[PDB]
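Below you'll find the structure, written out as structure tokens, and then a few comments.
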Amino acid sequence: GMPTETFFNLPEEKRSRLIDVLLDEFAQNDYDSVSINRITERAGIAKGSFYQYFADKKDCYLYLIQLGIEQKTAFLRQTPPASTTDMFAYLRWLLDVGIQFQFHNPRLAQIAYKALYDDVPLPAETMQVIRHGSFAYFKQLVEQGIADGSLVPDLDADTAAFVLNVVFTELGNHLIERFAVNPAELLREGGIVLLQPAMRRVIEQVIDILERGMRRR
Ligand SMILES: [Cl-]
């Protein structure tokens, strides 16, 4: 179901304060561990008033997942595109974009990341895009690269897509783990941008490994 018109007709200051609380709750806790009373208490609203904005917990989770999808697509289109024809130069740009979206929207990214592993109630079409969307795109890129003779001829597209998908999914979390001292405050204050010089040489190192491993000799 969709969020109620009561939720959408809320004053911007009240609705933004509620979304901030919903993002924290769904990113810091597993779907089954999410507390509706903790939401109303932190949002500073009446007890039992959550159901005046969302029919159930499922509808609220779907809204947050769709918010992450729409935000990522809008971020992807607002980013200056790559001026290249090389697959690996494009992959470096796409890896950089994915990491930048995570650093600017950590709670939305964390909710979308947990959906890959946790038992969450998402429709078949939404679940497919979340868990198999990026893999399918990498497989298409690898199949294109083998066809134009740039990649190793005997390369298995499915296997190469698996390696690209796991790296792209986990790099951002590893960068934070390696370089960010107190990530909570660093992401909130926006100081994560000061670690880009150290993070970029890792992004370049990652692409170099994938390039040597996949590109034709
Ligand atoms: Cl966020």
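Each chain in the structure tokens gets a letter, A, B and so on, in the order shown; residues start at 1 in every chain, and ligands are counted from 1 in the order they appear.
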
Counting only C-alpha atoms and all ligand atoms, which residues of chain A fall within 9 Å of ligand 1, and what is the closest atom pair for each with its distance in Å at one decimal, ordered by chain and rising number, as CSV?
```
residue,atom,partner,partner_atom_place_in_ligand_line,distance
A:20,CA,ligand 1,1 (Cl),8.1
A:23,CA,ligand 1,1 (Cl),6.6
A:24,CA,ligand 1,1 (Cl),8.4
A:27,CA,ligand 1,1 (Cl),8.9
A:68,CA,ligand 1,1 (Cl),8.0
A:102,CA,ligand 1,1 (Cl),8.1
A:103,CA,ligand 1,1 (Cl),8.7
A:104,CA,ligand 1,1 (Cl),7.0
A:105,CA,ligand 1,1 (Cl),3.5
A:106,CA,ligand 1,1 (Cl),4.7
A:107,CA,ligand 1,1 (Cl),3.8
A:108,CA,ligand 1,1 (Cl),4.1
A:109,CA,ligand 1,1 (Cl),6.6
A:110,CA,ligand 1,1 (Cl),8.1
A:111,CA,ligand 1,1 (Cl),8.8
```

Segment 47-57 of chain A environment, 9 Å, only C-alpha atoms, sequence neighbours closer than 5 positions dropped, as JSON, numbers by chain: {"A": [1, 2, 3, 4, 5, 6, 7, 8, 31, 34, 36, 37, 39, 40, 41, 62]}

Export, as a tab-separated table (two decimals), in the first residue's frame, the selected residues with N, CA and C atoms.
```
chain	number	residue	atom	x	y	z
A	1	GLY	N	0.80	-1.22	0.00
A	1	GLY	CA	0.00	0.00	0.00
A	1	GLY	C	0.83	1.27	0.00
A	2	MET	N	0.18	2.41	-0.28
A	2	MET	CA	0.83	3.73	-0.33
A	2	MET	C	0.67	4.46	1.01
A	3	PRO	N	1.59	5.41	1.37
A	3	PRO	CA	1.38	6.19	2.61
A	3	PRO	C	0.10	7.01	2.53
A	4	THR	N	-0.57	7.24	3.68
A	4	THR	CA	-1.84	7.97	3.71
A	4	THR	C	-1.68	9.41	3.25
A	5	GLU	N	-2.79	10.04	2.84
A	5	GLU	CA	-2.80	11.44	2.44
A	5	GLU	C	-2.57	12.35	3.65
A	6	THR	N	-2.84	11.83	4.88
A	6	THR	CA	-2.59	12.54	6.13
A	6	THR	C	-1.08	12.76	6.31
A	7	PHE	N	-0.26	11.74	5.95
A	7	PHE	CA	1.20	11.82	5.99
A	7	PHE	C	1.71	12.85	4.99
A	8	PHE	N	1.18	12.82	3.75
A	8	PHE	CA	1.60	13.74	2.70
A	8	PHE	C	1.13	15.17	2.94
A	31	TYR	N	14.40	-5.38	10.12
A	31	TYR	CA	12.94	-5.22	9.92
A	31	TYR	C	12.09	-5.75	11.10
A	34	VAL	N	12.35	-3.59	14.37
A	34	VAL	CA	11.85	-2.21	14.28
A	34	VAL	C	10.68	-2.00	15.26
A	36	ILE	N	7.63	0.43	16.57
A	36	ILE	CA	6.69	1.51	16.23
A	36	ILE	C	6.60	2.54	17.38
A	37	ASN	N	6.62	2.06	18.64
A	37	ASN	CA	6.57	2.93	19.82
A	37	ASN	C	7.84	3.78	19.96
A	39	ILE	N	9.55	4.85	17.38
A	39	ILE	CA	9.36	5.84	16.32
A	39	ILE	C	8.54	7.02	16.85
A	40	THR	N	7.35	6.74	17.44
A	40	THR	CA	6.46	7.79	17.98
A	40	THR	C	7.10	8.57	19.13
A	41	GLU	N	7.91	7.88	19.97
A	41	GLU	CA	8.61	8.51	21.10
A	41	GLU	C	9.72	9.47	20.60
A	62	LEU	N	8.33	-0.01	2.40
A	62	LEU	CA	8.25	0.13	0.94
A	62	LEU	C	8.49	1.58	0.52
```

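From atom CA of residue 99 of chain A back to atom CA of residue 193 of chain A, the distance works out to 11.2 Å.
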
What are the nearest atom pairs, with distances in Å to one decimal, for all residues of segment 57-133 of chain A that come at most 10 Å from segment 159-178 of chain A, using only C-alpha atoms, set out by chain and rising residue number as a tab-separated table?
```
residue	atom	partner	partner_atom	distance
A:91	CA	A:164	CA	9.2
A:94	CA	A:168	CA	8.9
A:95	CA	A:168	CA	6.2
A:96	CA	A:172	CA	9.3
A:98	CA	A:168	CA	7.7
A:99	CA	A:172	CA	5.3
A:100	CA	A:172	CA	8.7
A:101	CA	A:172	CA	9.8
A:102	CA	A:172	CA	7.2
A:103	CA	A:172	CA	8.2
A:110	CA	A:173	CA	9.7
A:113	CA	A:169	CA	8.0
A:116	CA	A:169	CA	9.8
A:132	CA	A:165	CA	9.5
A:133	CA	A:165	CA	9.8
```

Contacts of residue 130 of chain A within 10 Å, only C-alpha atoms, excl. fewer than 6 positions in-chain, as a PyMOL selection string: chain A and resi 65+69+112-113+115-116+122

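Taking atom CA of residue 76 of chain A as the reference point, atom CA of residue 97 of chain A is found at 6.9 Å.
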
Pick from A:81, A:121, A:44, A:149 nearest to residue 58 of chain A, counting only C-alpha atoms: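 Smallest distance to residue 58 of chain A is found for A:121.
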
Backbone-only DSSP, alpha helix (DSSP H) members of segment 69-130 of chain A, as a PyMOL selection string: chain A and resi 69-78+87-104+106-114+124-130

Which of A:46, A:157, A:186, A:21 sits closest to residue 64 of chain A [using only C-alpha atoms]: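 Under the stated criterion, the closest residue is A:21.
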
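With only C-alpha atoms as the atoms that count, the minimum distance from residue 127 of chain A to the choices A:66, A:89, A:146, A:202 is reached by A:66.
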
Of the listed residues A:180, A:153, A:135, A:87, that which approaches residue 210 of chain A most closely, counting only C-alpha atoms: A:87

Pairwise distance for atom CA of residue 88 of chain A and atom CA of residue 190 of chain A, rounded to one decimal in Å: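 Atom CA of residue 88 of chain A sits 29.0 Å away from atom CA of residue 190 of chain A.
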